[PDB]
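Undergrad: Starting off with a structure, shown below.
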Amino acid sequence: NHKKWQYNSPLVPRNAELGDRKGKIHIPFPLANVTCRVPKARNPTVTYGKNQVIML
Amino acid sequence: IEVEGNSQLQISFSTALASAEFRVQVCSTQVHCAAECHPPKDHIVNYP
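Listed in order, the protein sequences are those of chains G and F.
Letter 41 of the first sequence, counting from 1, is numbered 335 in the authors' numbering, and no numbers are missing.
Letter 42 of the second sequence, counting from 1, is numbered 385 in the authors' numbering, and no numbers are missing.
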């Protein structure tokens, strides 16, 4: 059926007659940088000494 | 600070000394201040 294009699949053999003949097509859903909404955190206490800090 | 005549001024000071004896120069005149300073939470300090 020499009347069609197919993805260059490694699971399908190459056409024996034609050489390294190939085309290219744009694809949907490209990877893009966006924003993800999520959450945060907290803290603690503190005692002192000569040139020394102690945290629990 | 703005001066008027026979009045008084209020200032804020920082020290690490428990017994702080210091001189304050307002314009060209010096005044001695005697201060008994109490602990806040222990040695080490959180400001430069």
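Every residue, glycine too, gets a C-beta built ideally from N, C-alpha and C.
1) Please tell me whether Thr341 of chain G has its Cβ less than 8 angstroms away from any Cβ of chain F.
2) Answer yes or no: does any C-beta atom of chain G fall closer than 8 angstroms to that of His381 of chain F?
3) Short of 8 angstroms in beta carbon distance, which residues of its chain neighbour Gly317 of chain G, apart from the five on each side in sequence? Order them along the chain.
4) Is any beta-carbon of chain F found at less than 8 angstroms from that of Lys344 of chain G?
5) Could you tell me whether the segment 334-342 of chain G touches the segment 379-387 of chain F, using the rule of 3 or more Cβ pairs below 8 angstroms?
6) If I follow the unbroken beta strand (DSSP E) through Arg315 of chain G, where does it start and stop?
7) Here's a check: name, in chain order, each residue in its chain whose Cβ is nearer than 8 angstroms to the Cβ of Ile354 of chain F, leaving out the five neighbours to either side.
8) Along the chain, where does the beta strand (DSSP E) containing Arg366 of chain F start, and where does it finish?
9) Go ahead and pull the three-state DSSP assignment for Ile348 of chain G.
TA: This is what the structure gives:
1) On the first sequence, residue 341 of chain G is found 47 positions in, with the first residue counted as 1. Residue-level contact check: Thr341 of chain G touches chain F, since one or more beta carbons of chain F fall below 8 angstroms from its beta carbon.
2) As a first step, residue 381 of chain F must be located in the second sequence, where it is residue number 38. With 8 angstroms as the cut-off, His381 of chain F does not count as an interface residue toward chain G.
3) Taking the first residue of the first sequence as position 1, residue 317 of chain G is located at position 23. Once the five neighbours on either side are set aside, the close Cβ partners of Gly317 of chain G are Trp299.
4) Position 50 of the first sequence, counting from 1, holds the residue named residue 344 of chain G. Yes, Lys344 of chain G lies at the interface with chain F (some Cβ there is under 8 angstroms from its Cβ).
5) Per the Cβ contact rule, the segment 334-342 of chain G is in contact with the segment 379-387 of chain F (3 or more Cβ pairs under 8 angstroms).
6) In the first sequence, residue 315 of chain G corresponds to position 21, counting from 1. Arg315 of chain G: not part of any beta strand (DSSP E); DSSP gives it neither H nor E.
7) Taking the second sequence and counting its residues from 1, one reaches residue 354 of chain F at position 11. Around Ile354 of chain F, the same chain offers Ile344 and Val367 as residues with beta carbons nearer than 8 angstroms, after the five sequence neighbours per side are excluded.
8) Here residue 366 of chain F is taken as the residue at index 23 of the second sequence, counted from 1. Counting along the chain, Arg366 of chain F sits inside the beta strand (DSSP E) bounded by residues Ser362 to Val369.
9) Mapped onto the first sequence, residue 348 of chain G falls at position 54. In the structure shown, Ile348 of chain G sits in a strand (DSSP, three-state: E or B).
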